[PDB]
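Computed from the coordinates by the stated procedures, all read-outs in this text should not be read as laboratory data. Every residue, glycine as well, gets a Cβ built from its backbone with ideal geometry; the counts of neighbours run over all protein chains shown.
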Amino acid sequence: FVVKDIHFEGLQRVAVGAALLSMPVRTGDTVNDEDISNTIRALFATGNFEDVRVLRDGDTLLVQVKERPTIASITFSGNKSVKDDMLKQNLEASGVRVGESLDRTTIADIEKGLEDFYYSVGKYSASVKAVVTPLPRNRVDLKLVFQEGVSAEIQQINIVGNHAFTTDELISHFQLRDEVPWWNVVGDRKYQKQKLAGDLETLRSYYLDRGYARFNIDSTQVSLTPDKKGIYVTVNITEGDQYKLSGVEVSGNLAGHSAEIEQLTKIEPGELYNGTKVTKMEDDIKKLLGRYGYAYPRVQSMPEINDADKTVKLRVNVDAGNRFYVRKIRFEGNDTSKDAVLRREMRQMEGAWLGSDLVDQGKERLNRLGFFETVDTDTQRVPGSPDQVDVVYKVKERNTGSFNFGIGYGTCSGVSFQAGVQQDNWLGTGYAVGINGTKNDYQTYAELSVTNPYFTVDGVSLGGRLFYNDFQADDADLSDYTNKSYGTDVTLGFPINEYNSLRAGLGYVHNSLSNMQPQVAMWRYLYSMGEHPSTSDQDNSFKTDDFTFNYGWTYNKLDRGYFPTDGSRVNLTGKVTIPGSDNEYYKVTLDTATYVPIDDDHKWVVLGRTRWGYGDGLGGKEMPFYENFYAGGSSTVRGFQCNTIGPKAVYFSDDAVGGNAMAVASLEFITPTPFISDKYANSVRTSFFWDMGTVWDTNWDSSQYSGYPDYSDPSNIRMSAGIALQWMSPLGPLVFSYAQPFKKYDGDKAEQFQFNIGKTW
Amino acid sequence: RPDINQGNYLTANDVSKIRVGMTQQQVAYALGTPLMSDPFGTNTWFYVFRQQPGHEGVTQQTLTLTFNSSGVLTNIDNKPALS
Amino acid sequence: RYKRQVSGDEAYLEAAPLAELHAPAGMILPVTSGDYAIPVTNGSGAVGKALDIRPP
Amino acid sequence: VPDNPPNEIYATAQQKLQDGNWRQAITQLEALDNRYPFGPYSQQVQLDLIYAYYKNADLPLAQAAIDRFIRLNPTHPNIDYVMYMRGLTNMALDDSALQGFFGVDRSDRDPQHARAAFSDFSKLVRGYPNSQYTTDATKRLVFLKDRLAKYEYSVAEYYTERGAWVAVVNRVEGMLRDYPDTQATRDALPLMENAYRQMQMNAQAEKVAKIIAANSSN
Amino acid sequence: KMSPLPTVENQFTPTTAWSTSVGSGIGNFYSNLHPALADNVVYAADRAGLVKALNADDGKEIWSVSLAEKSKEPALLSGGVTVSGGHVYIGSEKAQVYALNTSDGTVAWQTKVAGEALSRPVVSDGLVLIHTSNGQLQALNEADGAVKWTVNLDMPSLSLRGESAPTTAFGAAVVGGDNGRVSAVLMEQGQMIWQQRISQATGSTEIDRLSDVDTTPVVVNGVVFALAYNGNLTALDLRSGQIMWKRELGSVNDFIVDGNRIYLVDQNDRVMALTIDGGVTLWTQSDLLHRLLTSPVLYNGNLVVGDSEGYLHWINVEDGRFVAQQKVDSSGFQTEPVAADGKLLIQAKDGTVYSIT
């Protein structure tokens, strides 16, 4: 026409120049007659103008045009098994997100896509609706109202062509369940597209090992009600006839290992063809060829059937890949842990040939120490390399130290404050220490202990220990006399076998005893040494300082430390007096446990725990009582108090005393917990238990105090059972438990709820 | 107590396939790579069969080779066993 | 919570020198990738903590 | 979480920045993103967010922010800020003093972060040799050079104490091909001098003799 | 969701003849199976294996029998209910097909097919025509169950029920089948004379593609009509199937056409009368919604069905206004009554028949 200029009104988010550019007509030139069509197609090709209204005065074009309002917040109402993040993902898949304008009319198609997702779950009756909220500044909010309806169960699982061999109960091996016992209640019946796909191959696998080789599927058909309430599923198959194998052979390059594969393929004649046996056999070959140093061969297993006699001859073919070696190793995870620390568990070495087996021994040795949370191995091929290879060992670290806190809970340190801390990966080095300082304002007990497990290469261990201790509580004058004592321990440690370890070392102690009660079992010892200063005296006092020797034996074979699942760990210690000393005796303690799963898959597991304790003197003499055993404290015996177990002393009745005979165990049922997700489910452990223990002395007699009971007997057995929660937290391990005792006697005590914080399995 | 291997494997009849006037690639297809290789000139290669198992007992073979600019041999040296 | 002092970074903590390497008589050094290396440049102006990060 | 026009919001953003306050400016800036994800000064907003992540040290968020930015903004003059800040991130990612109390060697840990830092500073120089970010960046690259050297040196020590007489040297040839500097490297030749003689390789020990004799005192 | 009950009314007595408690029922399971008449008798059974033989005027057993997999595993009978020539011809879940005599509960023969042994068999000059979920259409003998020919058809991954209501004319035989495809075919080798599509492919395989399965067409006079769920109600040629008109509508259950009107329902359970040759709704009644209802018949000049609440939904034919109502049973229904020529009746899910006044 004749327009000379353009003005726009109602655009608050976009340039007018681009607007007038999207149409060919412009200001400063003769515009055309298509200007209305150009305004139309451009302003609605933008997708950012909801309505346009353009008019020409004769010299100037006035455009009155709005901009499509843009979404601010996308909100959800009616979520019950569905999370808004995946829904926003589905929206971005739609092509829609916050800060975008739109038509307000694809809402129906949007609802349909949402409902298609809902179909993908297994609900088809639902209905969704939008709630639009107009807002100034050309804005909107949007909310989503849902009515999910309900899903279906499955009603029958009926199968075709399954004659002459039933599975209509043996189907129960599937993921899916078309029957929920009212006496085995859990879960319900729900369909899924893919769990189907899994159980189908499962069923195939079943028939593949009972003497069949042609069990094929025709089809799989499913439908359901018009009211969409329950499903009807069917599947169409063949059943051919039974089958057998007839001989086996191979082919391909080796290094003359024919006689070994000969053993893995080895069979008896006249046996049923399988395919799982086949597969594990293949992989066993792969393991062997790992060991001799191969990674990437190829393997093929071909049935050569004769259905004329229902037999097969299994042709096999291998292609031994060209040899490899290793070049390099690299580690990731180490932020708080030095290098050279993990190589000293690699029984593999760098820069030489290779197996596939040293790798796993290293995995084991690593997961033992608990310096890592989790593990990952891998194996690459180097670029531009047929034979050179590298490796990776990744980990996730863990903070593993502690902060012990003894308060004399249960009165084995009475009213006291035992503080202290332990860490075995001290500052990320292979170095281990532990400390306590103990104060009561009259009591002292401080102790240090240290070990370098790798003083020298090849797992050479070296440890020291020291303790100072003062005890001042006989101004109570109740029991448990005043002692001061201090000493040292030193130790070597080393292995000989690649799992089993030994150690030994020495010690020196110094002891000072004061304000002895008139307790009765003591004077047994006091005759044993010699002199007897009794009447009823309390100026009583004594001293003795002694050298000594000890040693340790170790069988450790686990999947790992830090909440293991498999194997067993046992440690024995024998300690002994030595000559040139104030006394003579010897004791031994053993601590045992073993982990066995169901399958280590869902982790339905059991542990067994036991301890043994014994000791005796020499020369017809007895050992001291302060080196006695003890029990109780709800770490060793759950549902009982600290050092509150077993026999007890008198003067002419209470307050158990410890001794020299022990036999104690606890048998468990290990459990997962469904109420928490993996994120910490890896790091928590719950169980039930059933605990036994009993105690006595051999030096104890009953011919003289016989109106008082026996304590020599191994009878009078302590029994309880309960439940325990065990959970990791940044301060160390943590555990609670609640039990119920069911065999007490007199002279004893306990609690039901108990707490522990340290290192005890 | 520990065990160690180190070096390049041997077939010991591979050795009966070695003739001067043969490209390095022929030995590549023969062996796979070497690992020790002169970073001071004199195009040459090394091949060794060391192992140290047991509290005692030690062994090592060696073959040591030098070639032309052509990536083809000039001369060898079999040290079958250390001393 | 919401105030801590186990990390106080953005500190210049270096002093380190550099040196370069001769060759022997006769025979030869080993070759270099150049992948890790120093395109030399005149250093000047701000450096170390005496330095800006307050953005533009 | 108020809702307002963005001008006052960026205003209080600047205010809280001058306050040294992160936890307030943090949410302010996240709301500036979400409320105005295509504002006219969006880029400055991204910068301020990464500055926030540094001054409060939520690091991998900042890493993601930077690679987001460089993906989406490939080109503008302040890019140098971006690259340098990335490398500073990973430089921090290596370091710590949770263990440092005047006594730790931070060496001998997972070094890949340093390699990323190396590449980052290097790239930024190679695109932008001339800025006001470089006079220290060079020296920091030198730091990482020394550290990567020391990493391998320590591994050499352990393998050497075993007697992996050869895999060591296969490491060290690469130590040479990469690191012609760093006295440790000069201090590491003698390990070969022991090695080749443990190998009963005489004919290369003289090469070791020459190189050591070729060098003066370390 | 589900509509509330309307008031009971009258203008005709809510009448009941005898009833009988019969078999152990069949339960929650959807099926298509409901009894079938003969001279002075009707017959039915359960899926369990147990079968009857009755009267027409007392409903007592002239005799009753049962079978099972020989041991004694579930019989699972959900075929049809049909007679011919003093013999009965029934199917299971199992692709196993049962030929007995009417005079006694004894085998004529027993045979095997592919695919489930579903919906109501139909027979003409002998020559039974049978269908499955597999989409496989077999053609059968009269005294050994021998096959004469068989057809393959496409099937989807999903459906509501692969079902069928095959129908014939001049020895020319027709039926639908899934995918909204219909085939009009021979009776000798059964091979294709022609086909026709009427459905619409518009959804995402679960919105449309729910009109895939075809319940039932039926002939009038050189013409047929048909439908599927959320599909098109059609008018198609006997010789060719070419289209005369269509109505974007839906249902799942069978219809009926007598007079100048056609009488059928909605998937939402609403009922109407449309024209013979058009599709112009004279009227609807829309009261009894989401009620899980069954297809009607005519009896003495009006229509009724039953429900999952077990009631009777009598109406006026001319406008559908409710004329009468009866509560008759607490077990509801799943399937269809019938009557014929003096006698009306229905079976329960739970093993209960009603004979009707």
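Residue by residue, region D:139-146 carries 3J(HN,Hα) couplings of 5, 5, 4, 5, 4, 5, 4, 4 Hz when phi is fed to the Karplus relation 6.51 cos²θ - 1.76 cosθ + 1.60 (θ = phi - 60°); x denotes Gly or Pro.
For region A:635-761, a Kirkwood hydrodynamic radius built from all Cα pairs, placed in the Stokes-Einstein relation at 20 °C and 1.002 mPa s, yields a translational diffusion coefficient of 130 µm²/s.
With a 10 Å cut-off between alpha carbons and a GNM built on chain B, which of B:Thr44, B:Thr62, B:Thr23 moves the most? With Cα springs under 10 Å in chain B, the top fluctuation among B:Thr44, B:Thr62, B:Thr23 is at B:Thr23.
From the P(r) of chain E, could you give the percentage of C-alpha pairs in the tail past 25 Å? Can you show the working numbers first?
Working: 34882 of 63546 pairs.
Summing the P(r) tail past 25 Å for chain E gives 55 percent.
For E:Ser240, E:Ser331, the sequence from fewest to most other C-beta atoms within 10 Å is E:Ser240, E:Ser331.
Which of rounded, prolate, oblate describes region A:163-236, given a ≥ b ≥ c as roots of the alpha-carbon gyration tensor eigenvalues and a/c under 1.5 marking rounded, otherwise prolate only if a/b is larger than b/c? The shape class here is oblate. Under 5 Å from the amide H of B:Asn8 lie the amide H atoms of B:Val48, B:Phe49, B:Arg50, each residue being 5 or more positions distant or on a separate chain, with H modelled from the backbone and absent for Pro and chain starts. All C-alpha to C-alpha distances of region A:328-397, sorted into 10 Å bins beginning at zero, yield P(r) values of 18, 55, 23, 4 percent in whole numbers.
Can you show me the helix-derived [θ] at 222 nm for chain D, built from DSSP H runs with n ≥ 4 at -39,500 (n - 2.57) apiece and divided by the number of residues, rounded to the nearest 500.
Numbers: 11 runs with 149 residues, N = 218.
It comes out at -22000 deg cm²/dmol, rounded to the nearest 500.
Coordinate range of the alpha-carbon atoms in region A:575-628 per principal axis, descending: 57, 17, 16 Å. Once C-alpha pairs closer than 8 Å and six or more residues apart are averaged by separation and normalised to the residue number of chain D, the relative contact order reads 11 percent. Rounded, prolate or oblate, given the Cα gyration tensor of chain D, with a/c below 1.5 counting as rounded? The shape class here is prolate. Gap in Å between the Cα centre of region A:391-413 and the Cα centre of region A:591-660? Answer, in whole Å: 22.
Of all DSSP beta bridges in chain A, what percent run antiparallel (nearest 5)?
Numbers: 186 of 210 bridges.
The antiparallel proportion sits near 90 percent.
The alpha-carbon atoms of region A:109-195, seen along their principal axes, cover 74, 32, 17 angstrom, with the largest extent given first.
For the pair chain C / region E:59-91, the C-alpha centres are spaced 93 Å from each other. Note that region A:98-114 has calculated 3J(HN,Hα) couplings of 3, x, 8, 8, 5, 8, 6, 10, 5, 3, 5, 5, 4, 4, 5, x, 4 Hz, one per residue in order, obtained from phi through the Karplus relation 6.51 cos²θ - 1.76 cosθ + 1.60 (θ = phi - 60°); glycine and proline are x. Relative contact order, whole percent, for chain B stands at 31, derived from Cα pairs under 8 Å and 6 or more residues apart.
Overall shape of the protein assembly as shown was characterised from the C-alpha gyration tensor. The equivalent ellipsoid obtained from it has semi-axes of 76, 52, 41 Å, in decreasing order.
Residues whose amide H comes within less than 5 Å of that of E:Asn134, counting only those at least five positions distant or on another chain, are E:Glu116 (H built at 1.01 Å from N in the peptide plane).
Legend: ranking of residues E:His313, E:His87 from fewest to most surrounding C-beta atoms inside 10 Å; resulting order E:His87, E:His313. Please state the shape class of chain A: rounded when a/c is under 1.5, otherwise prolate if a/b exceeds b/c and oblate if not, all from the C-alpha gyration tensor. Prolate shape, in that a/c is at least 1.5 and a/b is the bigger ratio.
Annotation: the antiparallel percentage among DSSP beta bridges lying fully within region A:5-65 is about 50.
The three principal axes of the Cα atoms in region A:399-470 give end-to-end lengths of 45, 26, 18 Å, sorted in falling order.
At q = 0.22, 0.24, 0.26 Å⁻¹ the log10 of I(q)/I(0) for region B:1-81 amounts to -1.06, -1.22, -1.38, computed by Debye summation with a single uniform scatterer per C-alpha, solvent ignored.
Using only DSSP helix segments of four residues or longer, with each worth -39500 (n - 2.57), what per-residue ellipticity at 222 nm results for chain A after dividing by its residue count and rounding to 500? Working shown, then result.
Numbers: 10 runs with 106 residues, N = 761.
About -4000 deg cm²/dmol.
Taking the Cβ of E:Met187 as the center, what net charge do the other residues with Cβ under 11 Å away carry, scoring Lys and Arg +1 and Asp and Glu -1? That sum, taken over residues with Cβ under 11 Å, equals -1.
Mean partner shielding of peptide D:102-114, defined as the number of other chain Cβ atoms within 10 Å of each residue Cβ, is 3. Specify the inter-centroid distance of region E:178-213 and region A:146-165, based on alpha-carbon positions, in whole Å. One Cα centre to the other: 25 Å.
Quote the relative contact order of region A:506-637 in percent (integer), defining contacts as alpha-carbon pairs under 8 Å separated by 6+ residues. Can you show the working numbers first?
Details: 231 pairs, mean separation 26.0, N = 132.
After rounding, I find 20 percent.
In the elastic network of chain D, a GNM with C-alpha springs shorter than 10 Å, the most mobile of D:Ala57, D:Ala117, D:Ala164 is D:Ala164. For A:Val3, the residues whose amide H sits under 5 Å from its own are A:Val31, ignoring neighbours fewer than 5 places away on the same chain, with H placed 1.01 Å from N. Sequence-ordered 3J(HN,Hα) estimates for region E:269-281 from the Karplus curve with 6.51, -1.76 and 1.60 and θ = phi - 60° stand at 6, 9, 10, 6, 10, 10, 6, 5, 10, x, x, 9, 5 Hz, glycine and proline given as x.
Springs between Cα atoms under 10 Å define the GNM used for chain D, and in it the highest mean-square fluctuation of D:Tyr54, D:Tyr41, D:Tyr151 occurs at D:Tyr41.
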